[PDB]
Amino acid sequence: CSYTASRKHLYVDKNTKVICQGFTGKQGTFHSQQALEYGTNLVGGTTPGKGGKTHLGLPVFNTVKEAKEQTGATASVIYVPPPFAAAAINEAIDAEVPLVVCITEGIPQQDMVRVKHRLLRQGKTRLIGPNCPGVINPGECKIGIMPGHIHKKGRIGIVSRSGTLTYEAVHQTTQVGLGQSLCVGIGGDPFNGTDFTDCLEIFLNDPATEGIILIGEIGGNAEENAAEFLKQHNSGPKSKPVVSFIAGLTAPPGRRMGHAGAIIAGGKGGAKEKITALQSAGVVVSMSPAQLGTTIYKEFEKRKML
């Protein structure tokens, strides 16, 4: 019933069964092949008007509902073009798909505001995205566009507003041998279905996640809300090491820095205010994006957790 109830569907695993919306288009095809070689249980997909076809050896359906009924999918990944993406997300919500990962970049803000309105009043479907790279549980389930090979099953939970910057954090934690428990890219859009607190909650309660890396950037106040959640839930007696990097220290105000939501507007959204807020919540902020792995490593060492 409450949307926070769906937080748990964020944790994909080897048992997660996935369908692809926009399955027959060029993007959907390419990433579905990569999902298949990674070992993700991709079980079919949809494209309105093309059901009754097979694609990549899997069945294509006209609707998400039929696809879910026929395959038992618990997740859906969306690669539909902007003009139809909101209708795709809504169709998944109507079908009560537990987890929807919308990859698509370029969805109108007004369309997402309408989608989020529906989203917040239901509790069955959890949406990650739009404009995000997806979610990956190393060695068990890959939903999205990240390169599978840099990941290594391990101990660090990673949540990020960006795409390729997340790969830096993954690569650095794989190199120092810590690995990752779960990596979630929440996307660079201003209106989306999952924020950092949603992920933090899953991470704090996950025995497999011993440390967290939170990657943020300028714009909005999701990082500041994450710091409050941490002051309340990770300030003792429970306490997992949290390391962060916030992008955009040098960004000029007033410009959209690639990501639709990366903008310092009205003097609100700057990087140092987020860094200050996170530090005060116990977070170790790494000033350099190249030192995320070594920083969280040192935190593990100090707590004698290695």
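All residue numbers refer to positions in the sequence shown, first residue = 1.
- Higher-scoring stretch by recorded Cα B factor average, 233-241 or 55-63: Mean C-alpha B-factor is greater for 233-241.
- Message: Please compare 153-161 with 67-75 and name the stretch with the higher mean C-alpha B-factor in the deposited structure.
- Response: Going by the record's values, the stretch with the higher mean is 67-75.
- Of the options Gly39, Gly270, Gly266, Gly44, which has the highest CA B factor as deposited? Comparing C-alpha B-factors across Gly39, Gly270, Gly266, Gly44, the maximum falls on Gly266.
- Is the Cα B-factor recorded for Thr194 in the lowest, middle or highest third of its chain? Its C-alpha B-factor, which the entry lists for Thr194, ranks in the lowest third among residues of this chain.
- Message: Looking at the temperature factor on the CA atom of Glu217, which third of the chain's modelled residues does it land in?
- Response: Its C-alpha B-factor belongs to the lowest third of this chain's values.
- Ordered by C-alpha B-factor within the chain, which third holds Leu120? Give me lowest, middle or highest, please. Highest third of the chain for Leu120's C-alpha B-factor.
- Message: Splitting the chain's C-alpha B-factors into thirds, which one does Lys142 fall into?
- Response: It falls in the middle third of the chain.
- Select lowest, middle or highest to describe the third in which the CA B-factor of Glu105 falls within its chain in this entry. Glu105: CA B-factor falls in the middle third of its chain.
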